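> Below is a structure I'd like to ask you about.
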Amino acid sequence: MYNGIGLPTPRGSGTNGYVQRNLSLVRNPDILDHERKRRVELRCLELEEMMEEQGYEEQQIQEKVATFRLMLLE
Amino acid sequence: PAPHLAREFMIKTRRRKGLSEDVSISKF
Amino acid sequence: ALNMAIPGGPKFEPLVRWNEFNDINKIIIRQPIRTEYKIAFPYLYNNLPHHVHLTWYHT
Amino acid sequence: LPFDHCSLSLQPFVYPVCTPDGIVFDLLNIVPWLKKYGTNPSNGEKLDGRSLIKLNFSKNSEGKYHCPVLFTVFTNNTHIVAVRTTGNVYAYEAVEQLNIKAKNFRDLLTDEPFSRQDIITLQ
Amino acid sequence: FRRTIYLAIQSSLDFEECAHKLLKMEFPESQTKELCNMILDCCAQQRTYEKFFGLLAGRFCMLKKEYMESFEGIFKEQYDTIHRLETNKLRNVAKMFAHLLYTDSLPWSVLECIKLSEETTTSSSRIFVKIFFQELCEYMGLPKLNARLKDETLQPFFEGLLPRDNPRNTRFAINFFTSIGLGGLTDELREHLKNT
Amino acid sequence: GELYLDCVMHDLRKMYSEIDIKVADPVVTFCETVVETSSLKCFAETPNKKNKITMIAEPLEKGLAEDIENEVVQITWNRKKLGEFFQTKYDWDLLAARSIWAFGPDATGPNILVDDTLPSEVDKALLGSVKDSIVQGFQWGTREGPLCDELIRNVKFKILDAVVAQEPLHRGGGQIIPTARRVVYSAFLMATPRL
Amino acid sequence: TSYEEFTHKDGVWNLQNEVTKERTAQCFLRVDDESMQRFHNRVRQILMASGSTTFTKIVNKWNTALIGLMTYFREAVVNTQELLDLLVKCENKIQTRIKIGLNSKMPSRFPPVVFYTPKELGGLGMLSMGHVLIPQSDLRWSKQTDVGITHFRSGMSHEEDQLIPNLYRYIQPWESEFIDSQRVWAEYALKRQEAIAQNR
């Protein structure tokens, strides 16, 4: 009746209904290997140097920085 | 309770639409 | 019309007298669907709603 | 992990469809990834518009992905041969013994006879 | 109070109805010891053991902690006064406490009150321990009983039951568990005795 | 909401259909995410066994998903403008800021595809040739979802390696997309996913 | 069995292996529907034969049928809720029949005291089963599994506390009787062997 509990009408049975609550209810090395190369490429990209306006000399300086970082990493 | 909630939602949703078993290396 | 009653309210005779929606492995229960939600939104929470009047909302 | 799953989408058999190149894949995989490609994605071979053969998402008299004539498990493990014109897939040895001795190219009780040259390898 | 408890027990068909009826009167916290006492007294007066009283005691243990503490205290008190009881009462009390132990309604630490020694324990105490451990070996398995007795956490709680010291008493315990009809549990004790 | 779906179901039962109809209990639709990065650098390969894609997945930051979903940043932006937007308030590297390829399960969806490939930058014209098929594989994989067929949100998918066959043509014409879907699912599953 | 065994009140026969002396299986018991129909037709036969029968003999017929059903079934009574509803209905119908024997049906006129008093004190000697709380759970999940007991409804009306004693608490369960029968007859066999051997 109320909720899913009870009898639809108490007239047929010999009771009054009165449904009540039950009180008794209980209740990874490859990641580091790529990270080293990513740090090398980040140090290569951190050179940039768009103030001296060098062309292939900037590329040679970047190659020198990359070989220096490879020698320091070795 | 709280630590079983994601497992319950996973199991009931996969039973609702798909397959019950889940493999972490089901592709590779 | 739904043969369900609030404990403060009155009781009446019934008016009219397998589902895979009632499968226990597909139903998530957090709060049980009580009588009050079946009265407030009667087309949502009741299969077979007949002779049902929509209640007034908030004033 | 078995060959019962789809080749491309790596998902189990729900609505599979076969192709004339000998590979059966998902219908959603054949529809979205080959909407305008016009080629078989299993090996790069050319696939016609009518070369694809439907195998599921319809009404069948078997009720499962089994042999339609022999009524046995003609799954990916068993040697399965599919009729290209009819669309029914049975076991290869059972269909060969039916169409060889008594020339039973039909079904077990539906009696849909056809030629013996329409059988192709499903997978 | 005892009369109302006994009438609520005899009125109820089911142990859920009995526990709901006993919670309906809303007894104060000073009366929980007498409530557990006359649960034991109402079951001990029965001719045979019924599972209704053991399940009622298990439900009361699972409901609140105060009933669990009262049941531990009355287990110690009833083990201290075993010889006052008669042997069918002893059988019924042993069946209750076996049912409270295999359903995990009580901690196993109260088994430290049992001291297996022929110098201290009376004959009725050995009868009680025999009935208790026979029902424990019956309703849950002997591998499960060995796994329960073999854990490192409850080793100080089983040292009076499993001595491993003064090997006359260890021999008495090994022969006691063998002569009950168990065996098995004393294989580690036989290994410890054979090495010394 | 409850009132909205109640009005929809009343209109279904009384106006457009006279059929008695069973209604199930209401549930919600979930999403799938990650918490920690991919502990194993997972990978897959094409059916023509020449291309090999290795990619790992890691979660995004706090404001990134709501910044994408409120269209603060778009794929129609300038690459330098997008890189500045990432770099000023998310402190990303400019190599990582120029590495962003595609967004989400749809346009302005809350997933980010980042390509960081050092041995595969020597054929980066071929990487840009297969980039679009990698994008539709990423869109399909984040739209479908391997866990419970739901959407995938707040994930950065970081490519580590791409062994592309030189002038693939026949194998690089549709086999890239389900390979990329399997790569996305395998990289997602190795990174302790959550509902 | 998932989880563990189902330690339930009295409907479970914990079957014991003879070799290992271990409880290996559970036997859930219910009363068959033919027995329900036979008992209901017995009460209907009593009510149709009530037209030429005094009140004491009507209560005696009810008591005979009730203890026949209960001492035959015992443990299986508690797990058939439809039998509890049938028992409450049948006890109320024979109390209504005794009321219809007079020209009144006033519930204040007929307390339980005029019915359940033994006939040594001039009462009817009626044996009670209907005054227990019927367990109630969700009817949505009643047909799916066993979901425990969430509520109780009243069986028969009585004055506040009362606590009319149930008949089932005075009948021993069958499993306890079989265990005690095995123990007692084995003890008697050993005593008979000792009395033969010692000539005592």
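Residue numbering restarts at 1 for every chain of the structure tokens, chains are lettered A, B, ... in their displayed order, and ligands are numbered from 1 as they appear.
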Contacts between chain G and chain C, please, where a residue of chain C counts if it comes within 9 Å (with only C-alpha atoms); show its shortest atom pair and distance in Å to one decimal, rows by chain and ascending number, as CSV.


```
residue,atom,partner,partner_atom,distance
C:22,CA,G:140,CA,7.6
C:23,CA,G:144,CA,7.8
C:24,CA,G:144,CA,7.6
```

> What residues in chain G get the DSSP label helix (DSSP H, G or I)? Please answer as an MDAnalysis selection string.

chainID G and resid 33:52 55:77 81:101 113:116 119:121 168:170 174:198

> Tell me, counting only C-alpha atoms, for each residue of chain B within 10 Å of chain D, which pair of atoms is nearest and how far apart they are in Å to one decimal, in rows ordered by chain and increasing number, as a tab-separated table.


```
residue	atom	partner	partner_atom	distance
B:19	CA	D:12	CA	9.2
B:25	CA	D:1	CA	9.4
B:26	CA	D:1	CA	7.1
B:27	CA	D:10	CA	6.5
B:28	CA	D:1	CA	9.2
```

> For chain D, report every residue with an atom at most 8 Å from chain F (counting only C-alpha atoms), formatted as a compact mmCIF listing (two decimals) with N, CA, C and O atoms, in the first residue's frame.


```txt
# COMPACT_ATOMS: atom_id res chain seq x y z
N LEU D 8 38.77 -5.23 -37.28
CA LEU D 8 39.17 -3.84 -37.20
C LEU D 8 38.80 -3.20 -35.86
O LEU D 8 39.66 -2.65 -35.18
N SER D 9 37.53 -3.28 -35.47
CA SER D 9 37.06 -2.63 -34.26
C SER D 9 37.43 -3.39 -32.99
O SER D 9 37.32 -2.80 -31.91
N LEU D 10 37.87 -4.65 -33.11
CA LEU D 10 38.25 -5.54 -32.00
C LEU D 10 37.11 -5.71 -31.00
O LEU D 10 37.32 -5.68 -29.78
N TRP D 33 34.00 3.68 -41.81
CA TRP D 33 35.38 3.73 -42.28
C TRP D 33 35.53 3.44 -43.76
O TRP D 33 36.61 3.64 -44.31
N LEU D 34 34.47 2.99 -44.42
CA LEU D 34 34.49 2.75 -45.86
C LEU D 34 33.23 3.32 -46.50
O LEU D 34 32.56 2.67 -47.30
N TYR D 37 35.60 4.98 -49.35
CA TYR D 37 36.88 4.38 -49.69
C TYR D 37 36.76 3.42 -50.86
O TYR D 37 37.57 3.46 -51.79
N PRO D 41 39.04 -3.06 -46.12
CA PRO D 41 40.05 -2.58 -45.16
C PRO D 41 40.86 -3.69 -44.50
O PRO D 41 41.75 -3.38 -43.71
N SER D 42 40.56 -4.96 -44.79
CA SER D 42 41.31 -6.05 -44.16
C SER D 42 42.70 -6.18 -44.77
O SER D 42 43.68 -6.40 -44.04
N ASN D 43 42.81 -6.05 -46.09
CA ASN D 43 44.10 -6.21 -46.75
C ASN D 43 44.35 -5.18 -47.85
O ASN D 43 45.34 -5.30 -48.58
N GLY D 44 43.48 -4.18 -48.00
CA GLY D 44 43.66 -3.18 -49.03
C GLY D 44 43.15 -3.56 -50.39
O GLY D 44 43.38 -2.81 -51.35
```

> Find the residues around stretch 23-29 of chain A up to 6 Å (only C-alpha atoms counted), leave out those fewer than 4 positions away in its own chain, and share them as a list in words.

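Close residues of stretch 23-29 of chain A: residues 19 and 20 of chain E; 39 and 40 of chain F.
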
> So that I have them on file, write out the residues from the current selection with C-alpha atoms, as a PDB file, in the first residue's frame.


```pdb
ATOM      1  CA  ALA E  19      13.603  -9.071  18.409  1.00  0.00           C
ATOM      2  CA  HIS E  20      11.180  -6.408  17.147  1.00  0.00           C
TER       3      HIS E  20
ATOM      4  CA  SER F  39      52.530   3.188 -16.463  1.00  0.00           C
ATOM      5  CA  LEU F  40      53.237   1.068 -19.556  1.00  0.00           C
TER       6      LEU F  40
END
```

> Write out as a tab-separated table (two decimals) with N, CA and C atoms, in the first residue's frame all residues of stretch 66-177 of chain G that backbone DSSP assigns to strand (DSSP E or B).


```
chain	number	residue	atom	x	y	z
G	134	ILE	N	2.84	-10.52	10.82
G	134	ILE	CA	3.20	-11.08	9.51
G	134	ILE	C	4.36	-10.27	8.94
G	135	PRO	N	5.45	-10.91	8.55
G	135	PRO	CA	6.55	-10.18	7.90
G	135	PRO	C	6.16	-9.71	6.51
G	136	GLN	N	6.66	-8.53	6.14
G	136	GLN	CA	6.32	-7.90	4.88
G	136	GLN	C	7.56	-7.26	4.28
G	151	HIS	N	9.34	-4.88	7.16
G	151	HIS	CA	8.22	-4.38	7.93
G	151	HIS	C	7.44	-5.54	8.52
G	152	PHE	N	6.56	-5.21	9.45
G	152	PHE	CA	5.63	-6.16	10.05
G	152	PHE	C	4.23	-5.57	9.99
G	153	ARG	N	3.25	-6.39	9.63
G	153	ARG	CA	1.86	-5.98	9.75
G	153	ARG	C	1.18	-6.83	10.81
```

> Residues of chain A within 6 Å of chain C, using only C-alpha atoms, as a ChimeraX atom specification?

/A:1-3

> Mind dumping a table of every chain B residue within 12 Å of chain C, with the nearest atom pair and its distance in Å to one decimal, using only C-alpha atoms, sorted by chain and rising number, as a Markdown table?


```
| residue | atom | partner | partner_atom | distance |
| --- | --- | --- | --- | --- |
| B:1 | CA | C:30 | CA | 9.7 |
| B:2 | CA | C:30 | CA | 11.2 |
| B:5 | CA | C:28 | CA | 9.9 |
| B:6 | CA | C:28 | CA | 11.4 |
| B:7 | CA | C:28 | CA | 11.5 |
| B:8 | CA | C:28 | CA | 7.8 |
| B:9 | CA | C:28 | CA | 7.4 |
| B:10 | CA | C:28 | CA | 10.5 |
| B:11 | CA | C:26 | CA | 8.5 |
| B:12 | CA | C:26 | CA | 5.1 |
| B:13 | CA | C:26 | CA | 7.3 |
| B:14 | CA | C:26 | CA | 8.9 |
| B:15 | CA | C:26 | CA | 6.2 |
| B:16 | CA | C:26 | CA | 5.8 |
| B:17 | CA | C:26 | CA | 9.5 |
| B:18 | CA | C:26 | CA | 11.6 |
| B:20 | CA | C:25 | CA | 10.8 |
```

> Need the shell around residue C:54: protein/DNA/RNA residues with any atom at most 8 Å away, counting only C-alpha atoms. Skip same-chain ones fewer than 2 positions apart. Format as an NGL selection string?

:C and (40-42 or 52 or 56)

> Write the selection just made, keeping C-alpha atoms, as a tab-separated table (two decimals), in the first residue's frame?


```tsv
chain	number	residue	atom	x	y	z
C	40	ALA	CA	4.19	13.83	-7.42
C	41	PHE	CA	5.42	12.60	-10.83
C	42	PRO	CA	2.91	9.87	-11.66
C	52	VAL	CA	-4.52	9.98	-12.77
C	56	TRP	CA	-0.54	21.54	-8.89
```
